[PDB]
Chemist: 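The following block contains the structure, expressed as structure tokens.
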Protein chains: 2
Amino acid sequence: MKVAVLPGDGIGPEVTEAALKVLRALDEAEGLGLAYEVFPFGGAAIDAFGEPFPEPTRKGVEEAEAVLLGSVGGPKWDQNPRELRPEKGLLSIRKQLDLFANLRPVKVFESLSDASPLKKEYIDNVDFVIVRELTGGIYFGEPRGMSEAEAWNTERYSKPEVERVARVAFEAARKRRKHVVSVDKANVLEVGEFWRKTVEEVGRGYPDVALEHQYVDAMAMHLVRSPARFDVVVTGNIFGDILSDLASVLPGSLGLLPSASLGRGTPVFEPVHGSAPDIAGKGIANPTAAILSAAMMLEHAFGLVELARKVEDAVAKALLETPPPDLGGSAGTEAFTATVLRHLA
Amino acid sequence: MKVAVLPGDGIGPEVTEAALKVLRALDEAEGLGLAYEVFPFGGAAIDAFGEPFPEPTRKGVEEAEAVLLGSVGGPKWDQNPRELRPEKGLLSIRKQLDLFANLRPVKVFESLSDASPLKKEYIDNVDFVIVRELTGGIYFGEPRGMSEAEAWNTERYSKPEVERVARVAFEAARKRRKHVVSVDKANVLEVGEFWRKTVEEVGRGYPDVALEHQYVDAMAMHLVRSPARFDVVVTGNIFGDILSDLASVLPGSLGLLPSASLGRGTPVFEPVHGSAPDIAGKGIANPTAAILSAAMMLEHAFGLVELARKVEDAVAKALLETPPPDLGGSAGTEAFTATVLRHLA
């Protein structure tokens, strides 16, 4: 199991190590053959090598089997130009590794129901994964423009760009509850028609996985009214981006959520959360999304579906037994990684 | 006060009359000079005149000052062609009266908190109006298409189409809490940039109304996390359509919500809800959205802001004192209109 580890800036060093401690425990315990190396990335690499993603790191993530990525960003770098600010690097590891699907799961962890905005009975059992197409659609499609008089933007998709994210989604579904929902506007737009017939084609090949289709406006109401009725959801870019942000409020007690870019190259796995400089070095950072990005690496980069579910259960039990400071508890990063490890045995 | 009344099909006869009983009480009481006439529209007009919007009705709504519209639709008519099915008529009264903005308010009526999906503390005080642009953007913009290979759709807006819906929104805001929020994707799309600079221009002229801007993905999270922080929200078409459907789940105990198309011609005001044939003739239909569409006519078609707030308060008190069958109560249409009237005195 070859992992390029990119701890990044701010709390990325602390929280990526809490994740590596889980992955070493399991490795010791199961014999997984973890081999990992730590590479420079982010504001720390702008400081050291003069650019955010320097060619040792380019090579590193190009030769590994998985990237564990922490977080970059810090104010210190906003001042200077564009390709020398921590976030440029995030599009270059995305371009280089040809990543085209972003997977964002939402789980509302039983113990933390009361922090959710929805009454308990709506969040019970929420476990779904929205795989968003990443590189296409209106954000990048063309023609585009702006006059004194008018502005325009095209939303475009080719059969290839739709089949790529649909196969991620069906394969993605084989590992968890086997149901895909695709999301479109096919009753009004033709891009939506086209998406719908292509995902139904690509669906033929994955017969053990059920497929349903839904409109974006109707899926927006179903993520508050019945979110538990979904396992994997697959959608285009702007709709995946609106819909994953709406889905991120369901857990409530934020900062617990993981992310994984997937594609032709090396899968990248990060927590959804920033550098959080304010608390870097203090021990208090909540490692739950980092530890859960590790579990997504195990499930998508190494096929180890059974073990990823054991790490998500240990972090469930752990959030129940020692909530971190940020959930009305007092467990630092280390005492929390501890109780996670203590249930992996 | 000249009102063409179009009761439509199914429960539209019953619920439009509960609305006219409020408007006659107030008229008697305030001397408003209600003059109203009832015109054929909908499946009943397809049955009688052979088309859903027949030229007496075309004239009727073209000569009145407001339309009270009930609901059309019924299965009986789906079988036959396109311009002879109850819903075609709904686009023709929209085209004819040049309506370009749809106003959808959401209020979570204190007494009905517990039916909402969000915990009480998120819905307390929700009162906002999303004015959606109606005739433009990607649903109608062009070019558009579908090949074996790809599909496309343009999202287009001209300065006129944006200033029209922005002035509705600011004027719309003068009558309630004076704050507009516009909604776009201006950090990624140029149509969104263009919308944002135009709404900020048109904002100069309305200096007593505050203006804020927000991204669609961030407004989607704020309608579940803090919906009370909004009064009037103004957005394009597909985003208004997704965002009003997400906002409709906040009240929970549905079917209570009103709608108003506005424009160059005669304003149209309906409840958001169908014909509901199942219960047409039985007395049980909940008139709350009909009575509240009347109150929106008073506020937007006759400027009678003070009275529209008295009808929304009487229906608040009434929902508290006699919930209709559809909210775990037993009050039919008439006993509910009654307690509304009984607080208007």
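Quick note on labels: first sequence line is chain A, next is B, and so on, each numbered from 1.
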Chemist: Taking CD in B:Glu110 as the centre, count heavy atoms belonging to other residues, nucleotides or ligands within less than 6.0 Å. Is the count above 12?
Modeler: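 Result for CD/B:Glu110: enclosed.
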
Chemist: Checking the side chain of A:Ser116 only, and the main-chain atoms of A:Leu118 only, is there a donor and an acceptor separated by less than 3.5 Å?
Modeler: yes

Chemist: Hey, what do you get for CZ (A:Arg132) to CG (A:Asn237), rounding to the nearest 0.5 Å?
Modeler: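 So the CZ of A:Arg132 and the CG of A:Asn237 are separated by 4.5 Å.
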
Chemist: Is the terminal nitrogen or CZ of B:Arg196 (NZ for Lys, CZ for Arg) located under 6.0 angstrom from the six-membered ring centre of B:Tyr157 and within 45° of that ring's axis?
Modeler: no

Chemist: What distance do A:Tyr139 atom OH and A:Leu134 atom CG have between them, rounded to the nearest 0.5 Å?
Modeler: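 These two atoms lie 11.0 Å from each other.
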
Chemist: To the nearest 0.5 Å, tell me how far A:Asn187 CG sits from A:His213 NE2.
Modeler: 13.0 Å

Chemist: Answer yes or no: is there a donor N or O on one side and an acceptor on the other, between the side chain of B:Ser158 and the main chain of A:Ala149, under 3.5 Å?
Modeler: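 No, because the side chain of B:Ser158 does not come within donor-acceptor range (under 3.5 Å) of the backbone of A:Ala149.
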
Chemist: Distance alone, cut at 3.5 Å: any donor-acceptor contact between the side chains of A:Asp326 and A:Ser253?
Modeler: no

Chemist: For A:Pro271 and A:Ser71, which heavy atoms make the closest approach, and how far apart are they?
Modeler: CG-OG, 4.1 Å

Chemist: Indicate yes or no: does B:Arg167 engage B:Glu171 in a salt bridge with an N to O separation below 4.0 Å.
Modeler: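 Judged by the 4.0 Å cut-off on N to carboxylate O distance, B:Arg167 and B:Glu171 do not form a salt bridge.
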
Chemist: Report the distance from atom CZ of B:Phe128 to atom CG of B:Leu250, rounding to the nearest 0.5 Å.
Modeler: 5.0 Å

Chemist: Enumerate, atom names and distances included, each donor-acceptor pair closer than 3.5 Å involving a side-chain atom of residues 217-230 of chain B, sequence neighbours excluded.
Modeler:
| residue | atom | partner | partner atom | Å |
| --- | --- | --- | --- | --- |
| B:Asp217 | OD2 | B:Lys185 | NZ | 3.1 |
| B:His222 | NE2 | B:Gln214 | OE1 | 3.0 |
| B:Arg225 | NE | B:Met221 | O | 3.4 |

Chemist: Would you sort out whether A:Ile93 and A:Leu6 count as a side-chain contact (heavy atoms from CB on, under 4.5 Å), showing the intermediate values?
Modeler: CA-CA 11 Å; A:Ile93 189 172; A:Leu6 270 60; 3.8 Å; yes

Chemist: Hey, is B:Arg174 close enough to B:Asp208 for a salt bridge, meaning N to O under 4.0 Å?
Modeler: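 Yes, charged N to carboxylate O under 4.0 Å.
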
Chemist: Is a side-chain donor or acceptor of B:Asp231 paired with a backbone partner of B:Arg177 at a separation under 3.5 angstrom?
Modeler: yes

Chemist: For the pair A:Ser259 (side chain) and A:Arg104 (backbone), establish whether a donor and an acceptor sit closer than 3.5 Å, ignoring hydrogens and angles.
Modeler: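 It does not hold such a pair.
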
Chemist: Within the structure provided, determine whether B:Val108 and B:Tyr122 are in side-chain contact (heavy-atom separation under 4.5 Å).
Modeler: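 Counting from C-beta outward, B:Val108 and B:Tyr122 never come under 4.5 Å.
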
Chemist: Would you say the side-chain atoms of B:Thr154 pair up with the backbone N or O of B:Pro143, donor to acceptor, closer than 3.5 Å?
Modeler: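 Checked: pair present.
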
Chemist: Please step through side chain to side chain donor-acceptor pair (under 3.5 Å) for the pair A:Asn80 and A:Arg85, ending with a clear verdict.
Modeler: CA-CA 7 Å; A:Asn80 54 297; A:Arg85 187 194 105 270; over 6 Å; no

Chemist: Check this for me: does any side-chain nitrogen of one of B:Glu299 and B:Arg309 sit under 4.0 Å from a carboxylate oxygen of the other?
Modeler: yes

Chemist: Does this structure show an ion pair linking B:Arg204 with B:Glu201, if we count only N-O contacts that are shorter than 4.0 Å?
Modeler: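 Judged by the 4.0 Å cut-off on N to carboxylate O distance, B:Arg204 and B:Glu201 do form a salt bridge.
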
Chemist: Under 3.5 Å, is there a donor-acceptor pair between the side chain of B:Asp98 and the main chain of B:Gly265?
Modeler: no

